[PDB]
Amino acid sequence: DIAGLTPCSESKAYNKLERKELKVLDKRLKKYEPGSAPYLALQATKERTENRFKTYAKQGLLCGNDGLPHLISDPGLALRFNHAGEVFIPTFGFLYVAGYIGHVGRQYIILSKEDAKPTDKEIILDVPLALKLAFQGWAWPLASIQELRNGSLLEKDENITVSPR
Amino acid sequence: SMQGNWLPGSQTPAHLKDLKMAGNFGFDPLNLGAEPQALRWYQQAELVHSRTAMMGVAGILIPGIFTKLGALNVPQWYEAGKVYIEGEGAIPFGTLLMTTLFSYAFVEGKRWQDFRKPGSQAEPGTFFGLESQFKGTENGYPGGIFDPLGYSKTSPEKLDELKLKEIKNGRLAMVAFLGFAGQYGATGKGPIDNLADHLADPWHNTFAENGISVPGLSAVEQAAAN
Amino acid sequence: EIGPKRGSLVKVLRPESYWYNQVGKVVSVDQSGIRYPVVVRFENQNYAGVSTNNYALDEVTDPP
Amino acid sequence: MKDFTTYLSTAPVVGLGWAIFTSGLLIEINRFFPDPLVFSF
Amino acid sequence: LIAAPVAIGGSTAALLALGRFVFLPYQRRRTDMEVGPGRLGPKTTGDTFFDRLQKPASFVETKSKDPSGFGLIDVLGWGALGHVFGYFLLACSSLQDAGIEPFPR
Amino acid sequence: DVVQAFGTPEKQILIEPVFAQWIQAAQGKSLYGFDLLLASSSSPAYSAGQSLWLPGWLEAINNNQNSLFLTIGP
Amino acid sequence: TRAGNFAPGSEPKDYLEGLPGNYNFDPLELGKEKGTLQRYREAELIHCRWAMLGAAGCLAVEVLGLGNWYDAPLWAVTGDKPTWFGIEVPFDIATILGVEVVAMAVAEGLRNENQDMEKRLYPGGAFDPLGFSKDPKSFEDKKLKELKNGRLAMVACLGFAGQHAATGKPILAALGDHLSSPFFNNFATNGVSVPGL
Amino acid sequence: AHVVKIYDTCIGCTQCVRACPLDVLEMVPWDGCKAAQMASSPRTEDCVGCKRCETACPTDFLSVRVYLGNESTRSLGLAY
Amino acid sequence: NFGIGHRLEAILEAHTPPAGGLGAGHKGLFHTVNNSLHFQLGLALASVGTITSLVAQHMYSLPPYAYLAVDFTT
Ligand code: CLA
Ligand code: CLA
Ligand code: CLA
Ligand SMILES: CC(/C=C/C=C(C)/C=C/[C@@]12O[C@]1(C)C[C@@H](O)CC2(C)C)=C\C=C\C=C(C)\C=C\C=C(C)\C=C\[C@@]12O[C@]1(C)C[C@@H](O)CC2(C)C
Ligand SMILES: CC1=C(/C=C/C(C)=C/C=C\C(C)=C/C=C/C=C(C)\C=C\C=C(C)\C=C\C2=C(C)CCCC2(C)C)C(C)(C)CCC1
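In this document, residue positions are counted from 1 along each chain in sequence order, independent of how the entry numbers them, and residues without coordinates are left out. Starting at A for chains and at 1 for ligands, labels are handed out in the order in which the entities are written. Any value quoted here refers to the chains shown, not to the larger assembly they are part of. The basis for the side-chain values is all heavy atoms of the structure; hydrogens and waters are excluded.

- Listed as the method for this PDB entry is cryo-EM; the listed resolution is 2.9 Å.

1. Quick word on the overall build of chain A
Line of reasoning, step 1. Numbering of helices and strands runs from the N terminus, with a helix taken as a DSSP run of H or I at least four residues long and a strand as a DSSP run of E at least two residues long. Scanning chain A for helices and strands turns up 6 helices and 3 strands.
Line of reasoning, step 2. With the C-alpha coordinates aligned to their principal axes, the bounding extent of chain A is approximately 70 × 45 × 35 Å.
Line of reasoning, step 3. Each residue gets one of three labels from its accessible area relative to the maximum for its type: buried under 20%, exposed over 50%, partly exposed in between, using a 1.4 Å probe on protein chains only. Split into buried and exposed, the 165 residues of chain A put 33% on the buried side.
Line of reasoning, step 4. When checking whether two residues touch, look at their non-hydrogen atoms; a contact exists if any pair is within 4.5 Å. Of all intrachain contacts in chain A linking residues separated by at least 6 positions in sequence, the fraction that spans at least 24 positions is 56%.
Line of reasoning, step 5. Working definition of accessibility: Shrake-Rupley area with a 1.4 Å probe, residue cover restricted to the visible protein chains. Surface accessibility of chain A: about 10,300 Å² in total, with carbon and sulfur atoms responsible for 62%.

2. Structural notes on the packing of aromatic side chains
All names here are of chain B.
Line of reasoning, step 1. Centres within 6.5 Å make a pair out of two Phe, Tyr or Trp rings, where for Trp the six-membered ring is used; the pair is then stacked when the planes are under 30 degrees apart, edge-to-face when over 60, and tilted otherwise. For the structure shown, the criterion picks out 30 aromatic pairs over all chains.
Line of reasoning, step 2. On the numbers, 6.0 Å between centres and 40° between planes, the contact of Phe 106 with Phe 127 is tilted. Linking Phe 106 in helix α3 (residues 93-116) with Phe 127 in the loop between α3 and α4 (156-186), this pair joins segments that are 21 residues apart in sequence.
Line of reasoning, step 3. We classify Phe 127 as partly exposed; its relative accessible area is 22%.

3. Structural notes on helix α1 (residues 36-68) of chain B
Line of reasoning, step 1. Helix span, expected: 1.5 Å multiplied by one less than the number of residues in the helix. Across its 33 residues, α1(B) extends 46 Å between first and last C-alpha, which sits within 8% of the 48 Å expected from 1.5 Å per residue.
Line of reasoning, step 2. By the burial criterion, the buried members of α1(B) are B:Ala38, B:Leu39, B:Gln43, B:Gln44, B:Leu47, B:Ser50, B:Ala53, B:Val57, B:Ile60 and B:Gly64.
Line of reasoning, step 3. Buried-residue contacts for α1(B) involve α6 (140-150) of chain A together with α2 (77-85), α3, α4 and α5 (191-200) of chain B.
Line of reasoning, step 4. If you check the start of α1(B), you find a side-chain oxygen 3.2 Å away from the backbone N of B:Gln37, and it comes from B:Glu35.
Line of reasoning, step 5. Following α1(B) by one or two positions, B:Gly70 has its phi on the positive side, about 80°. Identification of polar contacts relies on pairs of N or O atoms within 3.5 Å, with a donor-acceptor requirement for protein atoms, meaning one able to donate a hydrogen and the other able to accept it, and with residues adjacent in sequence counted only if both atoms are side-chain atoms.

4. Side note on the sheet that holds strand β4 (residues 52-55) of chain C
Line of reasoning, step 1. The antiparallel open sheet is built from 5 strands, whose spatial order is β4-β3-β2-β1-β5 (chain C). Of all strands in the sheet, those with a lone pairing partner are β4 and β5 (60-61) of chain C, marking the two edges. Note on pairing: two strands pair once DSSP finds at least 2 bridges between them.

5. A look at the interface of chain A and chain F
Many structure descriptions define interface size as the accessible area lost when the parts assemble.
Line of reasoning, step 1. Residue-level contacts link 18 residues of chain A with 17 residues of chain F.
Line of reasoning, step 2. Accessible surface is computed with a 1.4 Å probe, and the buried area is the amount of it that two parts give up when combined, taken over both parts together. For the pair chain A and chain F, the two sides together bury roughly 1,400 Å², of which 66% comes from carbon and sulfur.
Line of reasoning, step 3. For this document, the term salt bridge refers to a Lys or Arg side-chain nitrogen within 4 Å of an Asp or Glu carboxyl oxygen. Applying the counting criterion to the chain A and chain F interface returns 1 salt bridge.
Line of reasoning, step 4. The closest approach of N and O atoms between F:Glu10 and A:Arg52, which form a salt bridge, is 3.1 Å.
Line of reasoning, step 5. Seen at the junction of chain A and chain F, the total is 5 residue pairs in polar contact.
Line of reasoning, step 6. At the level of secondary structure, the elements contributing two or more residues to the side of chain A that touches chain F comprise α1 (12-27), α2 (37-56) and β3 (69-72) of chain A.

6. Some remarks on the packing of helix α4 (residues 84-113) of chain A against α6(A)
Each packed pair of helices is defined by two parameters, the angle between the axes and the distance between the axes.
Residue and element names in this part refer to chain A.
Line of reasoning, step 1. To get an axis, fit a line to the C-alpha atoms, keeping to the stretch in contact for a helix; angles then go from 0 to 180 degrees between the N-to-C directions. Running from amino to carboxyl end, α4 crosses α6 at an angle of 55°, the nearest separation of the two axes being 9 Å. As far as their axial angle goes, α6 and α4 are oblique. Regarding α4 and α6, the two cross each other, and that crossing is left-handed. Side by side, α4 and α6 meet where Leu 95, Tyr 96, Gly 99, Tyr 100, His 103 and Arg 106 of the first sit next to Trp 140, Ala 143 and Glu 147 of the second. An angle counts as roughly parallel when it lies under 35 degrees, as roughly antiparallel when it exceeds 145, as roughly perpendicular when it falls between 65 and 115, and as oblique in every other case. Helix crossings are classified by the rotation of the near helix relative to the far one: an anticlockwise turn of less than a right angle makes the crossing left-handed, while a clockwise turn makes it right-handed.

7. With respect to a nonpolar patch on the surface
Residues and elements named next belong to chain G.
Line of reasoning, step 1. Like-charged residues within 9 Å of one another, or nonpolar side chains (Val, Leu, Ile, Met, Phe, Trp, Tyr) within 5 Å, are grouped into patches, provided each residue has over 30% relative accessible area and no salt bridge. Among the surface-exposed residues, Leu 59, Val 63, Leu 64, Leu 66, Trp 84, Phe 85, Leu 172, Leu 175 and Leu 179 lie close enough to one another that they form a single nonpolar patch of about 980 Å² accessible area.
Line of reasoning, step 2. At 3 residues, helix α6 (residues 171-180) tops the list of elements feeding residues into the nonpolar patch.
Line of reasoning, step 3. Position of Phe 85 relative to the elements: it lies in the loop between β1 (83-84) and β2 (87-88).
Line of reasoning, step 4. With relative accessibility at 53%, the residue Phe 85 sits in the exposed group.

8. A short note on the sheet that holds strand β1 (residues 6-7) of chain A
Line of reasoning, step 1. If you walk across this open sheet you meet the 4 strands as β1(A)-β2(A)-β3(A)-β1(F), and the pairing is mixed. Every interior strand has two partners, whereas the edge strands, β1 of chain A together with β1 (15-16) of chain F, have only one.
Line of reasoning, step 2. Where β1(A) lies against strand β2 (residues 62-63) of chain A, 2 bridges are found, and the strand directions are antiparallel. Within the sheet, the bridge partner assigned to A:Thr6 lies in β2(A) and is A:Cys63.

9. Notes on the site of ligand 3
Line of reasoning, step 1. In the region of ligand 3, the neighbouring residues are A:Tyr56, A:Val97, D:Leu26, D:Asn30, D:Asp35, D:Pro36, D:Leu37, F:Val2, F:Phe6, F:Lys11 and F:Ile13.
Line of reasoning, step 2. Residues close to ligand 3 are split across chains A, D and F.
Line of reasoning, step 3. Separating an oxygen atom of ligand 3 from a side-chain N or O atom of F:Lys11 is a distance of 3.0 Å.
Line of reasoning, step 4. Residues are grouped as follows: nonpolar covers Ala, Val, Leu, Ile, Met, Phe, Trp, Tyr, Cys and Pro; charged covers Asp, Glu, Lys and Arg; every other residue, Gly included, is treated as polar. Residue composition of the shell around ligand 3, grouped by class: 8 nonpolar, 1 polar and 2 charged. Any residue with a non-hydrogen atom lying within 4 Å of a molecule or strand is treated as near it.

10. Remarks on the pattern of salt bridges
Pairing between side chains becomes possible if they bear opposite charge and their charged atoms approach one another.
Line of reasoning, step 1. As enumerated under the stated definition, the model contains 33 salt bridges over all chains in all.
Line of reasoning, step 2. For the salt bridge of C:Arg14 with C:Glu16, the shortest nitrogen-to-oxygen distance reads 3.6 Å.
Line of reasoning, step 3. Residue classification places C:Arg14 among the buried positions, given a relative accessible area of 2%.
Line of reasoning, step 4. For G:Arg49, the salt bridge goes to G:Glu146, with nearest N and O atoms at 3.3 Å. Residue G:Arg49 is found in helix α1 (residues 36-63), and its partner G:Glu146 is found in the loop between α4 (136-144) and α5 (148-166); the two are separated by 97 residues along the sequence.
Line of reasoning, step 5. Connected via shared salt-bridge partners are A:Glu21, A:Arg52, D:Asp35, F:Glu10 and F:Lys11.

11. A few points about the interface of chain D and chain A
Line of reasoning, step 1. Contact with chain D, which involves 12 residues of that partner, is made by 13 residues of chain A.
Line of reasoning, step 2. Roughly 1,200 Å² of surface becomes buried between chain D and chain A when both sides are summed, with 66% attributable to carbon and sulfur atoms.
Line of reasoning, step 3. Connecting chain D to chain A are 1 salt bridge.
Line of reasoning, step 4. For the interface between chain D and chain A, the tally reads 5 residue pairs in polar contact.
Line of reasoning, step 5. Along the lines of polarity and charge, the residues of the side of chain D that touches chain A split into 7 nonpolar, 4 polar and 1 charged.

12. What about the site of ligand 1?
Line of reasoning, step 1. Every residue close to ligand 1 is listed here: G:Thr36, G:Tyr40, I:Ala14, I:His15, I:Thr16, I:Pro17, I:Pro18, I:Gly21 and I:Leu22.
Line of reasoning, step 2. Residues near ligand 1 are shared among chains G and I, making this a multi-chain site.
Line of reasoning, step 3. Here an oxygen atom of ligand 1 sits 3.0 Å away from a polar atom, N or O, in the main chain of I:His15.
Line of reasoning, step 4. Partitioning the shell around ligand 1 into residue classes produces 5 nonpolar, 4 polar and no charged.

13. Considering the side chain of A:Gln146
Line of reasoning, step 1. Relative to the helices and strands, A:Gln146 resides in helix α6.
Line of reasoning, step 2. Aside from chain neighbours lying at most four places away, what touches A:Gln146 is B:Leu32, B:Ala38 and B:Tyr42.

14. Quick word on the arrangement of the chains
Line of reasoning, step 1. There are 13 pairs of chains in contact here, and the one with the most contacts is chains A and F.
Line of reasoning, step 2. One finds no contact linking chain C with chain F; the least C-alpha distance across the pair is 43 Å.
Line of reasoning, step 3. Across all C-alpha pairs, the smallest distance from chain F to chain H is 49 Å, and the two are not in contact.

15. So, the side chain of G:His164
Line of reasoning, step 1. Positionally, G:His164 belongs in helix α5.
Line of reasoning, step 2. When neighbours within four sequence positions are excluded, G:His164 is seen to be in contact with G:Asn68, G:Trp69, G:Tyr70 and G:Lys169.

16. Points about the pairing of strand β2 (residues 22-29) of chain C
Residue and element names in this part refer to chain C.
Line of reasoning, step 1. Note that strand β1 (residues 9-12) and β2 share 4 bridges and pair antiparallel. Counterpart to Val 12 in the pairing with β2 is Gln 22.
Line of reasoning, step 2. In this sheet, strand β3 (residues 38-41) lies alongside β2 in antiparallel orientation, the contact comprising 4 bridges. Each bridged residue has a counterpart across the sheet, and for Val 26 the counterpart in β3 is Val 40.

17. Thoughts on the environment of B:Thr187
Residue and element names in this part refer to chain B.
Line of reasoning, step 1. Structurally, the position occupied by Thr 187 is in the loop between α4 and α5.
Line of reasoning, step 2. Judged by relative accessible area, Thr 187 falls into the partly exposed class, the value being 41%.
Line of reasoning, step 3. Measuring from C-alpha to C-alpha, the distance between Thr 187 and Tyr 42 comes to 33 Å, with 145 residues separating the pair along the chain.
Line of reasoning, step 4. Residues contacting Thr 187, with those up to four places away along its chain left out, are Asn 194 and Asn 210.
Line of reasoning, step 5. Here the side chain of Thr 187 touches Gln 183 through a polar contact of 2.3 Å, landing on its backbone oxygen.
Line of reasoning, step 6. Only 3.4 Å separates the side chain of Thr 187 from the backbone nitrogen of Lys 189, close enough to count as a polar contact.

18. Quick look at α4(A)
Residues and elements named next belong to chain A.
Line of reasoning, step 1. Here α4 contains 30 residues, and its C-alpha end-to-end distance of 42 Å stays within 8% of the 44 Å for a straight helix at 1.5 Å per residue.
Line of reasoning, step 2. In this analysis the local bend is the angle between axes fitted, respectively, to the seven residues ending at and the seven residues starting at the residue. Of all the bends in α4, the greatest, near 30°, is centred on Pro 90.
Line of reasoning, step 3. Those residues of α4 that sit buried are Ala 84, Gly 85, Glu 86, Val 87, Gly 99, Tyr 100, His 103, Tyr 108 and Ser 112.
Line of reasoning, step 4. Summarising the contacts, the buried residues of α4 are in contact with β3, α3 (77-80), α5 (127-134) and α6.

Set out below in structure tokens:
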């Protein structure tokens, strides 16, 4: 009960939205025989809607004055109250993959720039080495940290093209 | 030197071919240990993780074994925290956490300054005169009062045999504690009870039959049964 | 004779050049006493599309 | 096969193989699992 | 309420005494490192009527007859500080005796 | 927008503006329930100026009819 | 002349050599280029004395049982007469304010015109009635002192302010609480010291 | 008209005078380059500023520079 | 013209942080601002636009004119 938001389990507007969705989904059920493939698809859609409405509730989710679930973004407020699962862990979940992509791209860039006429490697990819780096990028933050520490991550400006202002 | 192989026929890394280490099996496909000081820091991290894994897994197992034998009523580890929190003569959780963090920060700063500057904790007149024995023999092997029974100041053969044994039981304990966490997460019971279920009924009690470990397998089994 | 060795990598310090703080390979150094006798070749083209440029003696140094 | 696998390592290995793999992967997570909002494991 | 004559007089006497016997040695050192002999010095250089306005006045360098360097302009400034402080104290007393408490409780 | 198109508006990402609501509660807005300073009677910031302009500012900021510090959603 | 090391095995920093109270402190290399280092010394050597005076005042109002340090500046509110050492002070709030803001002004003003660093740090002369600074060995011994207890004084003043910020209790009562039940009455049990307890 | 200036970085490739369809540029003998040639612009008032010489210039940066401004009846390319 | 006051060039040249935090600091900036009219114009326009934004954000939430809040279109 933070930011004036009621929990999804104890929200009247959430249940109103749920029963409105159930009503509009059951409206289309009356135009098909129960032993039909469109009827089976509509029943599967209704089951998925009910499962989504059940799982969104009692999962540390809040909604306020609209029946639509809200997300808590400030860490700490997502820690003492059970709201870390909204954005706290998935932030690191995205960042792990983003650093993975950046690290394997950097590894391919260095390992291609040390090859004769290296401009063709960007249009003519090599698959074994790119896949080898693709399955070696799980420990991307450790490699990035050690490369920053030893100085091979960055390059001396002396060797960087600089605008002549 | 090079003892065994984690994968026979695999191309061992160049920084592991002629490297004198405890439990070196060539297992570094990501080449995180190519840099030497990197390897030193990772060796120290593996040593501390493994040693606290010995302590943790022993706390899992020996009270659990004695509970299975009926000697003591000590509960399983996943509810033991709530058991002590709800106890009568209990230090509060905040006080315990802060005391643990303070003491571990002190000792880990000691170990850290040992790591960055070797033998730097032996500065004279710094820790009540007892710091003269705080010199580190090797990375992660301090010695001194950390070996009060004198089991390390012998010939190097039993010394690095013991180092290999320590790293082997430590890796085993680390995977064992990962297992304890996972098999509480899936089965919801203690590891001794899980071992009893697997010994008494191996086929019907496994990681595959439990739907948390591999989702969608239960649906496959139900569809195949019908 | 008065410039860098032919085939040696040099660093261009000319500010208005496209290859400022870049590394190029010397292909010829003129000995007739002209304004920009050092001729270098770069692996990356400029916006005009050329890869070679001429610089003076003070505009080239050995890269570290 | 050498000439063919040299062509197959150009643009479709990154423009099609990655695209199809990442797409169909994500399709199957969104299919077998329903639509999630909170990471509650 | 505090008597306004005695409050204003005490505040301006304290500020003038501070500015003469206390901060006058600290004063003019900032001017030695601001407009000093080797510093920026003159604001303007030209010799037209619109430049003589920026030139320093004629009554501010006449070696005022005080034993220290306390001139008329310094007297005016420190008296202004004293009047400001006395009015601040009187204003605080006026807020106090009206039954209104501005301080946190 | 595509989530609202598929008839399921509850699946849209509604990140609550916790920072600005926390600031508003720090200014005396009691709607969000954050019992911070200038909204609690025990805070020194509320006590300082409690008889100066707090009963006017609090009355003006707790009224949603005016445009002073409107309630903000996702 | 190095007193000790704040972390055993620290890198020897050459810009702190020879200073009184010399540990190998300052990780962030503050005042490394000299200059402000003299300013840092002349500011620390008086912050120490001011915290010493403040914590002495708090301990004197506590152990003699003449009031509480936080409740001491409460005579201005509600308009009752000030009392020092039990004896009623006949002065007025406006009067004490006036003498304070002119006396500290003249003190800092005549302090500011020393124009030499050694007297700015350690005046002596008129600021030496009994004269225990005459012996240079005892001078360095007393310079190593008043800095250790001075830094401890600054930490103690911060601790007094923080302790009365969380729990509105006298500091002597908090000391008695930590003496009685240390594992139940500590900084982690007051609630607002760390988030989440 | 416009201002056309040639700097000493020119090496006498005599292709900037071919790319200019107005006979603004000319090649004069020089001694600061291997080719012993230098671009000169005697008929600068006939230039329109089409920057074709700058396109044809191989030096980095450009040896021949054309600066716009002060348009006339010949610099605007007007046949009327 | 009087002996008291502050010199802008002295303040600009004096505010140079130690250890080369901003290099030379604000040294040589007084003549740069004074000689260049475009610098003063840009600073004035920046402050004027920022304060016009401030005026816009503060007029609607705190109306200073009677019956201005009732006039919605205004
Ligand atoms: C306790 C020690 C202490 C500390 C912490 C400071 C701290 C500071 N002093 Mg210093 N100072 C000290 C003691 C200290 N002082 C002493 C003892 C003296 C001698 C008397 C001085 C004399 C002194 C002078 C003379 C000056 C300072 C200044 C400064 C400030 C800037 C410092 C600097 O180099 O810029 C920081 C270093 C940088 C390299 C700047 C990088 C800035 C980045 C690039 C900008 C990032 C922008 C980013 C996108 C913003 C995003 C915001 C978002 C909303 C969009 C800083 C607040 C300067 C000042 O007043 O400035 C305020 C100044 O001119 N100091
Ligand atoms: C993997 C290679 C790679 C890496 C490590 C970086 C890293 C960076 N870029 Mg760059 N970028 C890349 C490729 C890369 N970029 C490509 C291919 C483009 C063209 C679309 C750009 C366009 C670009 C712009 C326009 C900007 C950056 C910026 C940045 C910085 C911010 C980080 C970020 O996420 O930016 C965001 C990056 C993107 C939006 C590009 C995403 C494109 C994909 C993900 C890259 C695909 C590469 C591929 C997977 C590698 C092959 C793998 C190998 C195994 C075969 C950072 C320095 C910003 C900057 O300057 O900040 C300092 C900035 O403004 N980048
Ligand atoms: C940047 C903005 C943004 C953000 C933050 C999101 C975020 C989200 N959207 Mg939205 N969306 C976006 C843009 C965005 N989307 C756009 C532009 C469109 C229009 C095309 C949509 C259209 C859209 C629809 C129509 C739906 C979503 C849904 C979702 C959810 C995805 C959850 C999921 O699939 O499970 C989590 C997914 C994963 C964890 C993926 C797994 C990938 C990681 C890396 C693990 C790797 C897999 C595997 C283990 C790897 C190991 C094996 C491998 C080596 C082979 C999430 C709330 C769905 C939802 O749930 O609604 C709430 C939904 O119904 N969105
Ligand atoms: C805490 C403190 C200073 C702390 C400094 C720290 C942490 C320094 C940090 C760094 O080291 C790091 C971490 C790392 C380094 O790389 C950098 C530096 C920067 C060096 C000073 C307190 C300084 C505290 C002082 C001066 C206290 C003065 C108290 C007075 C005057 C009290 C008076 C009264 O209490 C009475 C007597 C009675 C009451 O009724 C009324 C009142 C008025 C309250
Ligand atoms: C000679 C002599 C003397 C005397 C002196 C005197 C007498 C002086 C003068 C005078 C004084 C004694 C003072 C002065 C002052 C000045 C000034 C200049 C002031 C000012 C003020 C002001 C500015 C104010 C303001 C305000 C207002 C208007 C209102 C409101 C508030 C305020 C505050 C804001 C003696 C004996 C000591 C010694 C010997 C010699």
